[PDB]
Structure formats: C-alpha cells, structure tokens
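Below is input39.cif, holding mmCIF, N, CA and C atoms.
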data_model
loop_
_atom_site.label_atom_id
_atom_site.label_comp_id
_atom_site.auth_asym_id
_atom_site.auth_seq_id
_atom_site.Cartn_x
_atom_site.Cartn_y
_atom_site.Cartn_z
N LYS A 1 86.66 91.77 104.13
CA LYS A 1 87.63 90.90 103.40
C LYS A 1 88.82 90.56 104.28
N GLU A 2 89.43 91.59 104.86
CA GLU A 2 90.59 91.41 105.72
C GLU A 2 90.13 91.35 107.18
N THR A 3 90.60 90.36 107.94
CA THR A 3 90.21 90.28 109.35
C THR A 3 90.86 91.47 110.05
N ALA A 4 90.30 91.87 111.18
CA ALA A 4 90.84 93.00 111.92
C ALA A 4 92.28 92.74 112.37
N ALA A 5 92.56 91.51 112.79
CA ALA A 5 93.90 91.15 113.24
C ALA A 5 94.90 91.25 112.10
N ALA A 6 94.49 90.81 110.92
CA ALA A 6 95.35 90.85 109.74
C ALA A 6 95.61 92.29 109.33
N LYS A 7 94.58 93.12 109.40
CA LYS A 7 94.71 94.53 109.04
C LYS A 7 95.69 95.22 109.99
N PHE A 8 95.61 94.87 111.27
CA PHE A 8 96.51 95.47 112.25
C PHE A 8 97.95 95.12 111.92
N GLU A 9 98.19 93.86 111.56
CA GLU A 9 99.54 93.43 111.24
C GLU A 9 100.07 94.21 110.03
N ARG A 10 99.29 94.24 108.96
CA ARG A 10 99.71 94.94 107.76
C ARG A 10 99.98 96.43 107.98
N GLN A 11 99.15 97.08 108.78
CA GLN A 11 99.31 98.51 109.01
C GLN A 11 100.34 98.89 110.06
N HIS A 12 100.57 98.03 111.05
CA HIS A 12 101.47 98.39 112.14
C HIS A 12 102.71 97.57 112.43
N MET A 13 102.88 96.44 111.77
CA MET A 13 104.04 95.63 112.07
C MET A 13 105.19 95.77 111.09
N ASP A 14 106.38 96.04 111.61
CA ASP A 14 107.60 96.12 110.80
C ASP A 14 108.74 95.55 111.63
N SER A 15 108.73 94.24 111.79
CA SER A 15 109.73 93.53 112.58
C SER A 15 111.06 93.29 111.87
N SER A 16 111.13 93.64 110.59
CA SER A 16 112.35 93.41 109.82
C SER A 16 113.41 94.48 110.00
N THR A 17 113.05 95.58 110.66
CA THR A 17 113.99 96.66 110.91
C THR A 17 113.98 97.01 112.40
N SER A 18 115.11 97.48 112.91
CA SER A 18 115.22 97.85 114.31
C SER A 18 114.67 99.26 114.52
N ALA A 19 114.81 100.08 113.49
CA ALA A 19 114.34 101.46 113.53
C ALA A 19 114.44 102.07 112.15
N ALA A 20 113.69 103.15 111.91
CA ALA A 20 113.72 103.85 110.64
C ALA A 20 115.04 104.62 110.57
N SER A 21 115.93 104.20 109.68
CA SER A 21 117.23 104.84 109.52
C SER A 21 117.28 105.70 108.26
N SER A 22 116.14 106.24 107.86
CA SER A 22 116.07 107.07 106.67
C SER A 22 114.82 107.94 106.66
N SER A 23 114.95 109.13 106.09
CA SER A 23 113.84 110.06 106.01
C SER A 23 112.76 109.59 105.03
N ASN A 24 113.09 108.62 104.18
CA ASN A 24 112.11 108.11 103.22
C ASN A 24 111.43 106.83 103.65
N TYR A 25 111.71 106.39 104.87
CA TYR A 25 111.13 105.16 105.40
C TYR A 25 109.60 105.14 105.25
N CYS A 26 108.94 106.19 105.74
CA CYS A 26 107.49 106.24 105.68
C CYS A 26 106.92 106.23 104.26
N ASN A 27 107.54 107.00 103.36
CA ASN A 27 107.08 107.02 101.98
C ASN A 27 107.08 105.60 101.43
N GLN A 28 108.18 104.89 101.67
CA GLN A 28 108.34 103.53 101.19
C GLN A 28 107.38 102.55 101.87
N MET A 29 107.29 102.61 103.19
CA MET A 29 106.42 101.71 103.93
C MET A 29 104.94 101.92 103.69
N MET A 30 104.50 103.17 103.63
CA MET A 30 103.09 103.47 103.41
C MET A 30 102.64 102.93 102.06
N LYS A 31 103.55 102.92 101.10
CA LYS A 31 103.25 102.43 99.76
C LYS A 31 103.27 100.90 99.76
N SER A 32 104.32 100.33 100.32
CA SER A 32 104.48 98.87 100.39
C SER A 32 103.30 98.17 101.07
N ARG A 33 102.85 98.71 102.19
CA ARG A 33 101.75 98.11 102.92
C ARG A 33 100.40 98.49 102.35
N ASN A 34 100.42 99.14 101.19
CA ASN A 34 99.19 99.53 100.50
C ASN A 34 98.29 100.48 101.28
N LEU A 35 98.89 101.50 101.88
CA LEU A 35 98.12 102.47 102.66
C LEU A 35 97.87 103.76 101.88
N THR A 36 98.16 103.75 100.58
CA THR A 36 97.95 104.93 99.76
C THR A 36 97.36 104.54 98.40
N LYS A 37 96.77 103.35 98.34
CA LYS A 37 96.18 102.84 97.11
C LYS A 37 95.14 103.77 96.50
N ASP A 38 94.16 104.19 97.30
CA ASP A 38 93.12 105.08 96.79
C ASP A 38 93.16 106.46 97.44
N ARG A 39 93.92 106.57 98.52
CA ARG A 39 94.06 107.83 99.24
C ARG A 39 95.22 107.73 100.22
N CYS A 40 95.82 108.86 100.56
CA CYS A 40 96.94 108.86 101.48
C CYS A 40 96.45 108.79 102.92
N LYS A 41 96.78 107.70 103.60
CA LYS A 41 96.38 107.55 104.99
C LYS A 41 97.14 108.66 105.71
N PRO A 42 96.42 109.62 106.32
CA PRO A 42 97.06 110.74 107.02
C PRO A 42 98.09 110.39 108.09
N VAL A 43 97.78 109.42 108.95
CA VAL A 43 98.70 109.05 110.02
C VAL A 43 98.74 107.54 110.23
N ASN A 44 99.93 107.03 110.52
CA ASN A 44 100.12 105.60 110.75
C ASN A 44 101.42 105.33 111.50
N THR A 45 101.40 104.34 112.38
CA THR A 45 102.57 103.99 113.16
C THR A 45 103.01 102.56 112.87
N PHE A 46 104.32 102.37 112.75
CA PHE A 46 104.89 101.06 112.53
C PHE A 46 105.71 100.70 113.76
N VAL A 47 105.56 99.46 114.23
CA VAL A 47 106.26 98.99 115.41
C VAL A 47 107.39 98.04 115.03
N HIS A 48 108.59 98.37 115.49
CA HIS A 48 109.79 97.58 115.21
C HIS A 48 110.13 96.60 116.31
N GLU A 49 109.24 95.63 116.50
CA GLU A 49 109.42 94.58 117.49
C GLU A 49 108.81 93.34 116.86
N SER A 50 109.09 92.18 117.43
CA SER A 50 108.53 90.95 116.89
C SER A 50 107.02 90.94 117.04
N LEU A 51 106.35 90.19 116.17
CA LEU A 51 104.91 90.07 116.23
C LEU A 51 104.52 89.50 117.60
N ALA A 52 105.32 88.56 118.10
CA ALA A 52 105.07 87.94 119.41
C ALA A 52 105.07 88.98 120.53
N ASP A 53 106.02 89.92 120.46
CA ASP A 53 106.14 90.98 121.46
C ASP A 53 104.92 91.90 121.47
N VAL A 54 104.42 92.23 120.29
CA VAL A 54 103.25 93.10 120.17
C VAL A 54 101.98 92.37 120.61
N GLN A 55 101.85 91.10 120.22
CA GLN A 55 100.68 90.32 120.60
C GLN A 55 100.62 90.14 122.12
N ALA A 56 101.79 90.06 122.74
CA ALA A 56 101.89 89.88 124.19
C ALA A 56 101.32 91.06 124.97
N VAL A 57 101.25 92.22 124.33
CA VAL A 57 100.72 93.41 125.00
C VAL A 57 99.27 93.21 125.44
N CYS A 58 98.55 92.32 124.76
CA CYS A 58 97.15 92.05 125.09
C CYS A 58 97.00 91.40 126.45
N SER A 59 98.13 91.05 127.06
CA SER A 59 98.14 90.44 128.38
C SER A 59 98.87 91.34 129.37
N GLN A 60 99.14 92.57 128.97
CA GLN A 60 99.85 93.50 129.83
C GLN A 60 98.93 94.50 130.55
N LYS A 61 99.29 95.78 130.61
CA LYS A 61 98.46 96.74 131.35
C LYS A 61 97.14 97.17 130.70
N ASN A 62 96.03 96.77 131.32
CA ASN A 62 94.72 97.12 130.81
C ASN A 62 94.42 98.58 131.14
N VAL A 63 94.21 99.37 130.09
CA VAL A 63 93.92 100.79 130.23
C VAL A 63 92.69 101.13 129.39
N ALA A 64 92.10 102.29 129.65
CA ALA A 64 90.92 102.71 128.91
C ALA A 64 91.32 103.12 127.50
N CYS A 65 90.41 102.93 126.55
CA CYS A 65 90.65 103.32 125.17
C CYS A 65 90.26 104.79 125.06
N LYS A 66 90.78 105.47 124.04
CA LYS A 66 90.47 106.88 123.84
C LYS A 66 88.97 107.12 123.69
N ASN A 67 88.22 106.06 123.43
CA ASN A 67 86.78 106.19 123.26
C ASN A 67 85.99 105.50 124.37
N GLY A 68 86.64 105.26 125.51
CA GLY A 68 85.96 104.64 126.63
C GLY A 68 85.94 103.13 126.70
N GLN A 69 86.23 102.45 125.59
CA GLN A 69 86.24 100.99 125.58
C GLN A 69 87.26 100.48 126.59
N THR A 70 87.03 99.30 127.15
CA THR A 70 87.93 98.75 128.16
C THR A 70 88.82 97.60 127.68
N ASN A 71 88.94 97.43 126.37
CA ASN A 71 89.75 96.35 125.81
C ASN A 71 91.10 96.83 125.28
N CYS A 72 91.63 97.89 125.88
CA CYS A 72 92.91 98.42 125.46
C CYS A 72 93.99 98.03 126.44
N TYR A 73 95.22 97.94 125.94
CA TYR A 73 96.37 97.56 126.76
C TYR A 73 97.60 98.36 126.40
N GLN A 74 98.37 98.71 127.42
CA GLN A 74 99.60 99.46 127.23
C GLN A 74 100.78 98.55 127.52
N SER A 75 101.79 98.58 126.64
CA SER A 75 102.96 97.75 126.82
C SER A 75 103.71 98.16 128.08
N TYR A 76 104.23 97.17 128.81
CA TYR A 76 104.99 97.44 130.02
C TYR A 76 106.30 98.15 129.66
N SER A 77 106.84 97.85 128.49
CA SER A 77 108.09 98.48 128.09
C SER A 77 107.93 99.34 126.85
N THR A 78 108.90 100.20 126.61
CA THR A 78 108.86 101.03 125.42
C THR A 78 109.31 100.13 124.27
N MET A 79 108.88 100.48 123.06
CA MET A 79 109.24 99.71 121.88
C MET A 79 109.70 100.70 120.84
N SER A 80 110.52 100.22 119.90
CA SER A 80 110.99 101.06 118.82
C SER A 80 109.83 101.20 117.84
N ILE A 81 109.46 102.44 117.51
CA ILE A 81 108.37 102.66 116.58
C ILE A 81 108.71 103.80 115.64
N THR A 82 107.98 103.88 114.54
CA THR A 82 108.17 104.97 113.60
C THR A 82 106.80 105.55 113.30
N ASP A 83 106.66 106.85 113.52
CA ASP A 83 105.41 107.54 113.25
C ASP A 83 105.47 108.12 111.85
N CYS A 84 104.41 107.89 111.08
CA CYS A 84 104.31 108.40 109.71
C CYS A 84 103.14 109.36 109.63
N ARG A 85 103.40 110.59 109.21
CA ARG A 85 102.36 111.59 109.08
C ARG A 85 102.47 112.31 107.74
N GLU A 86 101.35 112.43 107.06
CA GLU A 86 101.30 113.10 105.77
C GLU A 86 101.93 114.48 105.88
N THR A 87 102.71 114.83 104.86
CA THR A 87 103.40 116.11 104.79
C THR A 87 102.55 117.18 104.11
N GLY A 88 102.91 118.44 104.30
CA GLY A 88 102.17 119.53 103.68
C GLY A 88 102.14 119.43 102.17
N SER A 89 103.31 119.23 101.56
CA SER A 89 103.39 119.11 100.11
C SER A 89 103.03 117.68 99.70
N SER A 90 101.98 117.14 100.32
CA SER A 90 101.53 115.79 100.01
C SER A 90 100.14 115.83 99.39
N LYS A 91 99.99 115.14 98.26
CA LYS A 91 98.71 115.10 97.57
C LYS A 91 98.61 113.84 96.71
N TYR A 92 97.60 113.02 96.99
CA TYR A 92 97.38 111.80 96.23
C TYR A 92 97.23 112.16 94.75
N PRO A 93 97.71 111.29 93.85
CA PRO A 93 98.38 110.01 94.09
C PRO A 93 99.82 110.13 94.57
N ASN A 94 100.31 111.35 94.72
CA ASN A 94 101.68 111.55 95.17
C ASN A 94 101.71 111.94 96.64
N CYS A 95 101.65 110.93 97.50
CA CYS A 95 101.67 111.13 98.94
C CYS A 95 103.10 111.36 99.43
N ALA A 96 103.23 112.16 100.48
CA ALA A 96 104.53 112.45 101.06
C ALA A 96 104.37 112.37 102.57
N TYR A 97 105.29 111.70 103.24
CA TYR A 97 105.22 111.55 104.69
C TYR A 97 106.48 111.96 105.41
N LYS A 98 106.30 112.39 106.65
CA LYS A 98 107.40 112.76 107.52
C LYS A 98 107.63 111.52 108.39
N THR A 99 108.89 111.12 108.53
CA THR A 99 109.25 109.95 109.32
C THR A 99 109.78 110.35 110.70
N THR A 100 109.12 109.89 111.76
CA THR A 100 109.58 110.20 113.11
C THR A 100 109.80 108.92 113.90
N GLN A 101 111.06 108.58 114.13
CA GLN A 101 111.42 107.39 114.88
C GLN A 101 111.42 107.72 116.37
N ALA A 102 110.96 106.79 117.19
CA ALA A 102 110.92 107.02 118.63
C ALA A 102 110.86 105.71 119.40
N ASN A 103 110.93 105.81 120.72
CA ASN A 103 110.85 104.65 121.59
C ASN A 103 109.77 104.98 122.60
N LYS A 104 108.63 104.31 122.49
CA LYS A 104 107.54 104.58 123.40
C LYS A 104 106.69 103.36 123.70
N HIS A 105 105.82 103.50 124.70
CA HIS A 105 104.90 102.44 125.07
C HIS A 105 103.78 102.46 124.04
N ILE A 106 103.37 101.29 123.58
CA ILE A 106 102.30 101.24 122.60
C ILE A 106 101.00 100.89 123.29
N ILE A 107 99.90 101.29 122.67
CA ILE A 107 98.57 101.02 123.21
C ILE A 107 97.77 100.35 122.10
N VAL A 108 97.23 99.17 122.39
CA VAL A 108 96.45 98.45 121.40
C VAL A 108 95.14 97.95 121.96
N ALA A 109 94.15 97.82 121.09
CA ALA A 109 92.85 97.30 121.47
C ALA A 109 92.91 95.83 121.04
N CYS A 110 92.47 94.93 121.91
CA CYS A 110 92.51 93.51 121.59
C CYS A 110 91.12 92.88 121.55
N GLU A 111 90.98 91.85 120.73
CA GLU A 111 89.71 91.16 120.57
C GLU A 111 89.89 89.77 119.97
N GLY A 112 88.87 88.94 120.14
CA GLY A 112 88.89 87.59 119.58
C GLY A 112 89.55 86.48 120.37
N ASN A 113 89.58 85.31 119.73
CA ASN A 113 90.19 84.12 120.29
C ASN A 113 90.95 83.46 119.14
N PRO A 114 92.29 83.55 119.15
CA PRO A 114 93.11 84.20 120.18
C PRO A 114 92.83 85.69 120.38
N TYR A 115 93.12 86.17 121.59
CA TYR A 115 92.94 87.56 121.97
C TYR A 115 94.14 88.32 121.43
N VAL A 116 93.96 88.98 120.30
CA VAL A 116 95.05 89.70 119.64
C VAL A 116 94.74 91.17 119.32
N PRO A 117 95.78 91.95 118.99
CA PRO A 117 95.56 93.37 118.66
C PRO A 117 94.74 93.54 117.39
N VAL A 118 93.78 94.47 117.41
CA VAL A 118 92.95 94.75 116.25
C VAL A 118 92.96 96.23 115.90
N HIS A 119 93.45 97.05 116.83
CA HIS A 119 93.54 98.49 116.63
C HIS A 119 94.71 99.02 117.46
N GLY A 120 95.32 100.10 117.00
CA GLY A 120 96.45 100.67 117.72
C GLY A 120 96.11 102.05 118.28
N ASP A 121 95.70 102.09 119.54
CA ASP A 121 95.35 103.35 120.20
C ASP A 121 96.53 104.31 120.28
N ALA A 122 96.24 105.56 120.62
CA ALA A 122 97.27 106.59 120.74
C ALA A 122 98.40 106.06 121.61
N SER A 123 99.42 105.50 120.97
CA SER A 123 100.56 104.95 121.67
C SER A 123 101.21 105.97 122.59
N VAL A 124 101.10 105.72 123.89
CA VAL A 124 101.67 106.59 124.93
C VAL A 124 102.81 107.46 124.42
#
Taking this structure as input, can you express it in the form of structure tokens?
Amino acid sequence: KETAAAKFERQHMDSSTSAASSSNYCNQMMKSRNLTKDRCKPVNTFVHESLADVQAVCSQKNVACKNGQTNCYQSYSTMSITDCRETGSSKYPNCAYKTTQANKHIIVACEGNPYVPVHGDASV
C-alpha cells in the first residue's frame, strides 16, 4: 500500500523541529506517525534535517549495508537525530519510549528512480 520511499519519510523524517527538546518527544512522535497502531515499534530514529538534505545522502558516501547490500550511503556530515527505543515499563496498547537526541552521520539504503532513501541503516 505504502511505497518504500513514503514509508521511510513517515518513519524517519521530522524536519519541523531542530532537536527533541523534551523527554516525551518519542512517545508523541511514535504515536503521531502511527508506529504503535497494532504494536509498539521497538526502535526508531527521526532525523531533524530537511527532506532534501536526507535525500541528498543517496549521492554521498557509498558504504556496505549491515546485510552486505551495496546500496547504502553515509552522510558526509552529522545530522540532528532523535533515537526512540521502547522502555521497560512499556506494553501495548500503552507504549513508552526513551528519547535520545544526538548528532550523528546517518546511513540509508537507496533505491528507485528517483534514487531515494527506502531504509535507514544503523546510523553511524
């Protein structure tokens, strides 16, 4: 139903904020982006850069994917990101996440025409 590129945007893009300035950021975002509809997605990362900046990574450093694929790319620069990980006292339908803001290089798998991100590899 959802194209891979569209799914990547919904799960990983948050260009409206510069960084997570609250401990409840993940709880709110995971719900908003519909990542806990039928189950709590254990881990997810949101990138605080423009969509153009993230799409541009597909033309940056080509690196191997965690599974051997060769269509992965690492951003030349660090980007503001927020890591969301399910908390211990977390249980669907009441999911709970820990919010970890950081600045790191992202790694994405790209595909298609246009050649865009479709998966977000273990961001450096």
Task: Selected residue, from A:72, A:43, A:26, A:54, that lies nearest to residue A:100 when counting all atoms listed in the file - done: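 That would be A:26, the residue with the smallest distance to residue A:100.
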Open item on the list: Could you list, as a ChimeraX atom specification, every residue matched by the PyMOL selection byres (((chain A and resi 63 and name CA) around 12) and name CA) in this structure?
Closed with: /A:57-62,64-76,106-110,121-124
Open item on the list: Which residues are near residue A:14? Cut-off 8 Å, all atoms listed in the file, ignore same chain within fewer than 2 positions. Put them as an MDAnalysis selection string.
Closed with: chainID A and resid 9:12 16:19 45:51
Open item on the list: Taking all atoms listed in the file into account, name the residue in A:104, A:92, A:2, A:113 that is nearest to residue A:39.
Closed with: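 Among the listed residues, A:92 lies closest to residue A:39.
For the pair atom N of residue A:87 and atom N of residue A:4, the interatomic distance is 26.9 Å.
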- [ ] Quick one: pick out all strand (DSSP E) residues within chain A from a backbone DSSP run and write them as a VMD selection string.
- [x] chain A and resid 43 to 47 61 to 63 72 to 74 79 to 86 97 to 104 107 to 111 116 to 121
Task: Selection as JSON, numbers by chain: residues within 5 Å of (110.5, 107.0, 116.0), counting all atoms listed in the file - done: {"A": [81, 82, 83, 100, 101, 102, 103]}
- [ ] Could you please determine the separation between atom CA of residue A:40 and atom CA of residue A:28 in Å, to one decimal place?
- [x]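 A separation of 12.6 Å between them.
Take atom CA of residue A:31 and atom CA of residue A:7: the distance between them is 14.9 Å.
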